Each structure stands twice: as C-alpha cells, then as structure tokens.
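Comments concern the structure below.
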Amino acid sequence: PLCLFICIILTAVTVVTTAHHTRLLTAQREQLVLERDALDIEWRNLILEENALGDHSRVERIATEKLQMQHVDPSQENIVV
Amino acid sequence: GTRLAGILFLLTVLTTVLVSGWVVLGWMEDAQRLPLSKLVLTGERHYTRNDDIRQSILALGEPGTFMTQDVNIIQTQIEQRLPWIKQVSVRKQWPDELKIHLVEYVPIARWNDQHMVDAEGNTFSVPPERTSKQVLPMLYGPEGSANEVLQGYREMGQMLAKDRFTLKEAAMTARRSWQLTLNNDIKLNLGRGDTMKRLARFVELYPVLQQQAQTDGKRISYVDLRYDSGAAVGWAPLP
Amino acid sequence: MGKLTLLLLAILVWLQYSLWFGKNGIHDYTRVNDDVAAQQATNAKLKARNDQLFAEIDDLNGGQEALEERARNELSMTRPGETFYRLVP
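These protein sequence lines map, in sequence, to chains L, Q and B. In terms of PDB author numbering, the first sequence has 40 at position 2, counting the first letter as 1, and numbering is strictly consecutive. In terms of PDB author numbering, the second sequence has 160 at position 139, counting the first letter as 1, and numbering is strictly consecutive. In terms of PDB author numbering, the third sequence has 9 at position 9, counting the first letter as 1, and numbering is strictly consecutive.
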C-alpha cells in the first residue's frame with residue numbers, strides 16, 4: 039500500500055543523516071593525517087634539541103657547576119646479589 | 022418494577038462515583054499544588070550531610086511543586102555543589118515525596134594534596150574537615166595523569182609492601198620522573214628509567230644501608246637511584 | 001496490490017541499496033569511522049610521547065632535575081657526601 043511511502047521518507051532522511059556524518063568524518067580524518075604529520079615534525083625537532091642539551095661535554099660542564107664529582111672507585115661500596 | 026428500580030439503581034451507582042470522584046479530584050488538587058518537602062536519601066552516604074542536599078536544593082530558589090519541578094535540573098545542581106558525588110538520581114511521586122539516590126566516590130589516595138583519586142582513577146574533591154581522619158597515600162602529578170600515577174603506586178607499593186615498606190608519597194613529574202617517600206621521610210629519587218628495576222634494587226640494598234646508618238649514628242635522608250646497578254645515599258643526623 | 005504496490009517497492013529497495021552501497025553511505029561510514037578511531041588513538045600516543053619529551057626539554061634549560069639525572073645516569077657523578085653503592089650480580 040502507500041504505507042511503504044512512509045518507509046521511503048524514513049530511509050530518505052536516513053540517507054541524508056548518514057551522508058552528513060560521513061562527510062563530517064572524512065573532513066576529520068583529513069585533519070588527523072595533518073595532525074599526525076605535524077606531530078612527527080615536532081618529534082624530530084625535539085630530538086635534535088635533546089642532543090644539544092643532553093651532550094656529555096655540556097652535561098659535565100653544568101654538573102661540575104652544580105658541585106658534583108666524577109665516580110671515584112675507592113669511595114665505592116660494592117654489593118653482590 | 023425491575024426497570025423502574027434498575028434505572029434508579031443505575032443513577033445511584035452513577036451518582037456515587039461522580040461525587041466520590043469529585044472528592045478525590047479535590048483531594049489531589051490540594052495535594053499536587055504543594056511544594057514537595059519530604060525527601061529520602063537512599064544509598065550509602067559517607068560524606069554528604071543531610072543539610073548538604075538541603076541547602077543545595079533550595080539554593081535554586083522557591084521549591085516549586087509537583088509537575089512543575091524538573092528532575093534533570095536537581096540531579097545536575099547536586100553534581101556541581103557536591104563534587105564527591107559519583108552518581109545521583111532524583112525521583113518524584115504522586116504525593117509530596119522526593120526520592121534521591123546517592124553514590125559517592127571512595128578515596129584511595131590524595132591527588133596533589135587537594136583533591137582525591139578513587140580506585141578507577143576518577144578525580145574529585147572533598148572539604149578537608151571530613152577526610153582528616155583518614156591516613157591516605159599522597160599522589161602527585163600533572164593535571165590529567167590521575168589514573169597513570171595510580172598504576173605506578175599500586176605496582177611500586179606492592180613491591181615495597183612485599184618487603185614491609187610503606188609508600189607514603191609518590192610523585193611523578195610531567196617528564197615522568199618519580200620521587201617516592203617512604204616511612205620516616207626517606208626519599209627514593211627514581212628517574213625516567215627502569216623504575217621497577219631501580220626500586221627492586223633498593224629493597225635488595227636496604228639491609229646494607231641501615232647498618233652503616235647506625236654504625237655512624239646517622240639517619241637516611243635520601244637514596245638517589247638515578248644510576249644503573251648503583252645508588253647514591255644521603256645522610257642526616259637524628260634528634 | 002499491483003504496480004501501485006510494486007513500483008513503490010522497487011524504489012525503496014533501490015533506496016536501501018543506495019544507503020548501504022552508496023557514496024557517503026553506511027559502508028562508507030563504517031569504514032571511515034574505523035579510520036578516524038584508529039587515527040586519534042595513534043595520535044594520542046604520539047602526542048603523549050612528544051609532550052613527555054617537551055617536558056624534558058623544558059627542564060633541561062631553566063631547570064636542574066632533568067640535567068642532574070643525566071649527570072648521574074650517564075656520567076656516574078655523585079654529590080659531595082653521598083656514599084655511593086653499586087650492585088653486582
């Protein structure tokens with residue numbers, strides 16, 4: 039009967055609902071690949087900034103200014119498992 | 022004779038449901054337009070006082086009445102006024118009675134010495150007057166790390182409690198470095214490295230430490246384990 | 001019962017077909033939604049990894065605790081008055 043004409047509009051408004059959220063999700067997926075790429079570039083630059091600060095010749099220079107001393111073998115108590 | 026009495030019987034049964042319905046309809050109009058003032062608190066309450074729910078309800082203004090008071094507005098106001106409420110569900114009924122169900126947060130530790138954490142990592146706050154009776158481990162960390170530090174406490178605690186140590190405080194930095202505080206203010210300065218491997222090194226090295234501590238008559242101040250297969254020990258005098 | 005009920009049905013099934021197998025359809029939703037799910041899950045771990053290193057950098061300048069951990073873990077330097085112990089298997 040025409041009761042299926044109700045079911046047609048019900049599936050029609052279902053299509054426009056799906057087509058809107060999918061079109062909304064693809065725009066979000068495209069934003070996430072830009073975020074992933076932006077994260078890796080930030081990650082690479084951070085590693086290079088760590089090598090500069092985590093240099094042993096630099097660390098030893100500031101740690102000696104922090105009143106520290108190299109490991110001395112005599113003043114070293116040893117324990118066996 | 023029969024239909025004569027039957028019609029009279031018809032009207033009598035008719036008239037008596039009309040006037041009696043007229044009575045109960047008046048019994049409800051004088052009842053459904055009264056501001057409900059009976060509330061009942063179902064659920065195990067440990068921090069909510071009875072006055073807490075009361076002053077937080079009437080803080081909105083006039084109580085209203087039945088069919089004019091919204092549920093989702095009352096259960097919402099409770100959640101913001103009482104931050105230690107996990108689940109709240111307010112209900113109504115034909116008379117003047119307000120069913121309110123409460124589910125509270127069970128604190129397992131303190132969060133930055135201000136708020137608290139439960140066993141599932143949820144964060145919440147409680148006024149300090151109602152929890153000063155509890156001895157609780159004091160956890161620290163960045164803003165969102167509430168559940169992450171809790172995983173570290175339960176893992177490092179069970180290793181320390183296995184050798185009869187009490188992990189009083191456990192702090193994590195935003196760079197994920199760890200400082201543990203044990204009983205009698207000895208500080209374990211872990212690092213971003215193998216905290217589980219460095220902590221197990223301490224419980225194996227501890228019996229040697231207290232020997233020279235009492236040999237030289239000194240109290241252990243801190244134990245820095247930011248090494249590999251090693252540890253630097255600080256000292257302090259005793260009172 | 002006839003073309004008044006059959007023509008109304010052949011359009012509904014073409015609408016059901018275009019809903020599941022169709023541009024921006026149900027199967028397009030499921031596939032894209034799974035991608036968006038796994039992406040932000042991966043980006044969450046990456047951001048956590050980057051924020052942690054950012055904290056290390058933010059402490060290596062204008063701070064000492066992250067520098068002092070490198071002064072001990074990598075150069076074995078100890079402070080004066082700290083009795084150094086070492087564990088051997």
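Beta carbons are placed, not taken as given, at the ideal position from N, Cα and C, and that holds for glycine.
At a Cβ-Cβ threshold of 8 Å, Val-111 of chain Q and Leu-103 of chain Q do not count as neighbours. Close CB contacts of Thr-78 of chain B within its chain, under the 6 Å cut and outside five residues either way in sequence, are with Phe-84 (chain order). For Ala-253 of chain Q, the nearest beta carbon of chain B is closer than 8 Å to its own beta carbon. Positions of the beta strand (DSSP E) runs, each at least 3 residues long and wholly inside the stretch 49-90 of chain Q, are given as 60-63 in order along the chain. In the three-state reduction of the DSSP assignment, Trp-132 of chain Q falls in the strand class, which pools E and B.
At a cut-off of 8 Å, the C-beta of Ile-117 of chain L has a neighbouring C-beta in chain Q. Burial check for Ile-241 of chain Q: the Cβ neighbour count within 10 Å reaches 16 or more, so the residue is buried.
In this chain, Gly-173 of chain Q is not harboured by any beta strand (DSSP E); it is covered by the alpha helix (DSSP H) spanning 167-183. Judged by their CB atoms, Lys-208 of chain Q and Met-159 of chain Q are not nearer to each other than the 8 Å cut-off. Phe-54 of chain B is bridged by DSSP to nothing; it lacks a bridge partner. In this structure, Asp-117 of chain Q keeps its C-beta atom at 8 Å or more from the C-beta atom of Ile-129 of chain Q.
With distances taken between CA atoms, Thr-144 of chain Q lies nearest to Q:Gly-165 out of Q:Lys-239, Q:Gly-165, Q:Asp-237, Q:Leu-62. Contact annotation: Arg-72 of chain B and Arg-196 of chain Q have beta-carbon atoms that are not nearer than 8 Å. Only those residues of the stretch 47-58 of chain B whose C-beta falls short of 9 Å from the nearest C-beta of chain L are listed: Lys-47, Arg-49, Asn-50, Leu-53, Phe-54, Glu-56, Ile-57. The C-alpha of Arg-70 of chain Q is placed about 29 Å away from the C-alpha of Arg-54 of chain Q. Going by DSSP, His-109 of chain L is part of no alpha helix (DSSP H) at all; its letter is neither H nor E. Distance from the Cα of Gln-233 of chain Q is smallest, within the candidate group Q:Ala-257, Q:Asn-204, Q:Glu-65, for Q:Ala-257. At a cut-off of 8 Å between beta-carbon atoms, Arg-247 of chain Q makes contact with chain B. As DSSP reads the structure, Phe-145 of chain Q sits in a beta bridge with Q:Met-137.
DSSP, read as helix, strand or coil, puts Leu-48 of chain L in helix.
The residue from Q:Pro-56, Q:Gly-173, Q:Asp-249 with its alpha-carbon nearest to that of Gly-85 of chain Q is Q:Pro-56.
Using a Cβ-Cβ distance cut-off of 8 Å, the stretch 65-77 of chain L and the stretch 42-51 of chain B are in contact, since at least three pairs of beta carbons, one from each stretch, lie closer than that value. With fewer than 16 other Cβ atoms inside 10 Å of its own Cβ, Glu-100 of chain Q counts as exposed.
Annotated three-state conformation of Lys-104 of chain L is coil, per DSSP. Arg-86 of chain B carries a strand assignment under DSSP once its states are collapsed to helix, strand and coil. Contact annotation: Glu-74 of chain B and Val-110 of chain L have beta-carbon atoms that are not nearer than 8 Å. At a C-beta separation below 8 Å, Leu-211 of chain Q has no neighbours in chain L, since its nearest C-beta there lies roughly 19 Å away.
By the CB criterion at 8 Å, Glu-69 of chain B and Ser-198 of chain Q fall inside the cutoff. Within the stretch 207-237 of chain Q, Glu-225, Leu-226, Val-229, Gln-233 place their CB atoms closer than 9 Å to a CB of chain L, listed in sequence order. Proximity to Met-137 of chain Q across Q:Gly-162, Q:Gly-22, Q:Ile-95 peaks at Q:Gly-162, based on C-alpha coordinates. Spanning the alpha carbons of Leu-226 of chain Q and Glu-65 of chain Q requires a straight line of approximately 46 Å. Counting only Cβ-Cβ distances below 7 Å, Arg-31 of chain B has no contacts in chain Q at all, with the closest Cβ about 31 Å away.
Per DSSP, reduced to three states, the secondary structure at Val-119 of chain L is coil, with no helix or strand assignment.
With contact defined as three or more Cβ pairs closer than 8 Å, the stretch 13-29 of chain B and the stretch 51-59 of chain L are in contact. Taking C-beta separations shorter than 8 Å and ignoring five residues to either side along the sequence, the partners of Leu-220 of chain Q in its chain run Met-177, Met-180, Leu-181, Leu-201, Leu-209, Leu-211, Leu-246, following chain order. Listed by position along chain L, the residues whose Cβ is nearer than 9 Å to that of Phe-21 of chain B form an empty set, because the closest Cβ is around 12 Å away.
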